[PDB]
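FYI the Cβ positions are ideal-geometry reconstructions off the backbone, even for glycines, and counts take in every protein chain you see. What follows draws every value from the coordinates through simple rules; no lab data is involved.
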Protein chains: 2
Amino acid sequence: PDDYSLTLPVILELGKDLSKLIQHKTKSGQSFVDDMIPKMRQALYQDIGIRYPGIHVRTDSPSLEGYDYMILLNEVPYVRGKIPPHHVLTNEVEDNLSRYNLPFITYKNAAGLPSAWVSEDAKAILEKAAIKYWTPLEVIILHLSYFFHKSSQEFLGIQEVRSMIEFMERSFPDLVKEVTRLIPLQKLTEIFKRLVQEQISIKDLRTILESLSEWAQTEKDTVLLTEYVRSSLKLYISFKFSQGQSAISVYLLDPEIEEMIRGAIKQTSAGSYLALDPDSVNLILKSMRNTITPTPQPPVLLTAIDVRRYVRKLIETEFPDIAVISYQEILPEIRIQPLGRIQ
Amino acid sequence: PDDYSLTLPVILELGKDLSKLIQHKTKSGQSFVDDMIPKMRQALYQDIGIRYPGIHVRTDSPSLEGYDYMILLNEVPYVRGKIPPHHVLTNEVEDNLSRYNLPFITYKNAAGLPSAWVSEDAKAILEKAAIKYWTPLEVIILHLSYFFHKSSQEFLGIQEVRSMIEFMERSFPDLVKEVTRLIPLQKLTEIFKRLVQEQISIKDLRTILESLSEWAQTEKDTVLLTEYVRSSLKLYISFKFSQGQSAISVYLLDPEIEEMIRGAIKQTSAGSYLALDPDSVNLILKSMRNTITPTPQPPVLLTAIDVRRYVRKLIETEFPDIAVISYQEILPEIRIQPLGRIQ
């Protein structure tokens, strides 16, 4: 009646028609709310450390267009989106679609999503040309998943990290003890947050904790401890950023740029930051814009060990999805296919 | 659901046909999952001082061909492999097989494993000729064993070392009490890990603990404690690297090299550095390359007591499998056969 209520972390509101739409089942007899959304949460938990909250679905939204949907983060609207009626979504090129495929509607719901919508009546031909397509419900799932991917910091806090560490305690009481006797819980969560901010999964807790148990005996800096955990994930990072190929394809930095960055460190009374020379930062960004070819996959930038974290923070603003990795973080025997040298 | 899952250390994924294959007991009635894998684990735990994890077997994998298999370390793919259909593996010289009118398929699954595959129809012939062969299931076990051996450090951490010390506590309460009173669990874990990192078995926990119980009264450096444990395993080391003969075959160092290494940074830093000139490290590495005739078993490099650990930390990157031993680790009556110094 008049107790407090906890704010709901994620709301999905649907217009009258999409609400009418979540009543069917896919050709595989699965439910949007009981199967598709849980499987998305499960996939996200496998892709990075986080166990993301459930999705509260509000049907027949009054403030919504029947074919519109809205995502609310902590009961505040985060993103609106639209579904072109009676279509399926596609990721096809603009010269390939000039293969008599009439519906070339471009409407981008989000950055990381496809935008080439095609009539549902064309499913048959889409399946005959090896064109993958997403049904409108699957597009909603794509967008929810993208949302979770870009906003991990919103769902990985002190309580959530503690819950995962406690689960670890059941079979690793002594490793956790050795990890809780050196790094207090708040510092631990800061470290996990830095990891997932750069798409480093924190799912392999035994590896990460074993790493911290080693490096936390000597170093207390949370940023450095994070670097070490990264260097502990050689197999994972190599497999992820090489996309499972025999060779990681990366961009490099001209040694001149690296040494120039190296010469901009700070005194670490509190922390050591980048003494970003304005004009030099805008010159490195310009060389990156004019060297890294745009993408459909995000590109990978391989740098020296001692500058990687700085390169990330120098570039994270314009190139937020570019992965900056270091030699300390790839397998010793890994094949490297250089693509360019930023100058 | 809402709950976490513990990452699986070892997954073996099998295509359709290999999956069918593990459903049949061998000629002698043993099961791939119930007998072969357990016995391999027991053997590894008999050679190295590690208890290796169980293997989770995923059949009818979607991403694998009928005769393909994959090994995942902590749910990241480690390696992929093939089995030539309806064949058995042999180590025969290819030219000899040809001379026996036996068509052969060449395929090397992992480093140091045989590669001459022969139709299973040839078993009888191979038996009468006393030619060794491995069935497909046996080859998967061979590759699994190579994997576990290369990945030992992945299974030897704080919780696992604690588990060992626990088992030791049941019959050696006071010896454990003496060692753990002097060495914390994390330091103990470091020492065991150093031992297996250089192929020294930690199966004889009584000898290792007794050694530590003696030397931890006086010495706290974990590296020096490790050296002492190494010298306490004289019998094990002599038998292993002499391969059981009345004489160990070794390479030696020039007195000039030993004296030159002997300039080593030993500060009060819980472990001493080794400050040798870069070009000098490259001159010792060059002399080793030009003096170590490659091996068809690994070679042994015999050094003086006070330089052994440094010699290792100097050659381990380019010469990773060379066993570096000292006069302190071999039996006094084991005859030293010298294969030339290092210029």
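I need every pair where a residue in region A:314-343 that is among the charged types (D, E, K, R) has its Cβ under 6 Å from the Cβ of a residue that is crowded, with 16+ Cβ neighbours inside 10 Å, sequence separation at least 6 or different chains.
Final answer for the pair search is A:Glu318/A:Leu285; A:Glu329/A:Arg230; A:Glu329/A:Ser231; A:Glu329/A:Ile237; A:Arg341/A:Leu252.
Is it the case that some residue within region B:87-99 is within 14 Å of chain A (Cβ to nearest Cβ), surrounded by 13 or more Cβ atoms within 10 Å (Cβ to Cβ) and among the hydrophobic types (A, V, I, L, M, F, W, C)? Even if it seems obvious, please write down each step before you answer.
If we filter region B:87-99 for residues that are within 14 Å of chain A (Cβ to nearest Cβ), which is where we start, we get none.
Scanning region B:87-99, I find no residue that is within 14 Å of chain A (Cβ to nearest Cβ), surrounded by 13 or more Cβ atoms within 10 Å (Cβ to Cβ) and among the hydrophobic types (A, V, I, L, M, F, W, C), so the answer is no.
Could you run through region B:41-72 and say how many residues are under 21 Å from the mean Cα position of the chain (by Cα) and surrounded by fewer than 18 Cβ atoms within 10 Å (Cβ to Cβ)?
8
Looking only at region B:232-263, count how many residues are small (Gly, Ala, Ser) and exposed (fewer than 15 other Cβ atoms within 10 Å of the Cβ). Before you say what the answer is, go through the steps one by one.
Of region B:232-263, the ones small (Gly, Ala, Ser) are B:232, B:238, B:242, B:244, B:246-247, B:249, B:263.
Still in the running and exposed (fewer than 15 other Cβ atoms within 10 Å of the Cβ): B:244, B:246-247, B:263.
Final tally of qualifying residues: 4.
So for region B:73-81 (the condition being more than 14 Å from chain A (Cβ to nearest Cβ) and β-branched (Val, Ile, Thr)), does at least one residue qualify? Can you show your working first?
So the first thing to find is which residues in region B:73-81 are more than 14 Å from chain A (Cβ to nearest Cβ), and the list is B:81.
Those still in the list that are β-branched (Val, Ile, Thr) too: none.
No - not one qualifying residue is present in region B:73-81.
Checking B:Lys108 against (1) surrounded by fewer than 14 Cβ atoms within 10 Å (Cβ to Cβ); (2) touching an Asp or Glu at 6+ places or on another chain (Cβ under 9 Å); (3) more than 14 Å from chain A (Cβ to nearest Cβ), which test does it fail?
(2)
Got a number for residues in region B:244-275 being under 19 Å from B:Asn290 (Cβ atoms) and among the aliphatic types (A, V, I, L, M)?
6
Is it true that A:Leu102 is in a loop (DSSP other than H, G, I, E, B) and aliphatic (A, V, I, L, M)? Step through it out loud before you land on a result.
Numbers: in a loop (DSSP other than H, G, I, E, B): yes; aliphatic (A, V, I, L, M): yes.
Here the answer is yes, as A:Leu102 does meet what is asked.
Residues that are touching a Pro at 6+ places or on another chain (Cβ under 6 Å), of a type in the set (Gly, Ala, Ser) and surrounded by fewer than 15 Cβ atoms within 10 Å (Cβ to Cβ): which strands (runs of 3 or more DSSP E) entirely in region A:267-343 hold 2 or more of them?
Values: elements: A:300-303, A:323-326, A:336-342.
Hits in region A:267-343: none.
Hey, any hits in region B:205-223 for a residue that's within 17 Å of B:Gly49 (Cβ to Cβ) and among the acidic types (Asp, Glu)?
Scanning region B:205-223 turns up at least one residue that is within 17 Å of B:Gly49 (Cβ to Cβ) and among the acidic types (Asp, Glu).
Within the bounds of region A:217-231, is there any residue that is surrounded by fewer than 19 Cβ atoms within 10 Å (Cβ to Cβ) and either closer than 27 Å to A:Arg289 by Cα or basic (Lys, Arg) (or both)?
Yes, there is a match, as at least one residue in region A:217-231 is surrounded by fewer than 19 Cβ atoms within 10 Å (Cβ to Cβ) and either closer than 27 Å to A:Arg289 by Cα or basic (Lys, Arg) (or both).
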